[PDB]
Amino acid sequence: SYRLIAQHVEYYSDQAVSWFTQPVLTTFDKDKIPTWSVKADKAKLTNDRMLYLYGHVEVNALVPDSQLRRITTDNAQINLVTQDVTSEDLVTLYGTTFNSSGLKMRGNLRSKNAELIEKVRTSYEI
């Protein structure tokens, strides 16, 4: 369950793609309680429900029961059916007990897990 709100939108039927200006995506759990908010400057939605997010991507947790609180990156890709998320850019994961930075990320909004792939630094270091 999700909602996608945006300002300008263009849909082109030949490519079957929508382009959104300032998308705000809200995902919801079994009971329609909002659980994640995802914002970006711009997004492209494909025919098979892959959301590509571009510019100032920000993922925020909306429930207290999540160790991962926030993710930021220049660009990210979400599958809206399985809730997988990826970024191939620099990423910052804000958690409950420390924050982390690295190059690239893979994760899932339904399990609430996210991992950085390379060059990983934490806020508690040194």
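In this text, residue numbers run from 1 along the sequence as written.
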For the stretches 18-26 and 112-120, which has the higher mean C-alpha B-factor as given in the deposited record? 112-120
Looking at the deposited entry, does 97-105 or 30-38 carry the larger mean Cα B-factor? 30-38
Between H56, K44, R49, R70, where does the Cα B-factor run highest in the record? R49
Going by the entry, which third of its chain does the Cα temperature factor of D74 land in? lowest
Going by what the PDB entry lists, where does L4 fall on CA B-factor within its chain: lowest, middle or highest third? lowest
Ranked C-alpha temperature factor of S66 among modelled chain residues, by third: highest
What third of the chain, by the recorded C-alpha B-factor, contains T86? lowest
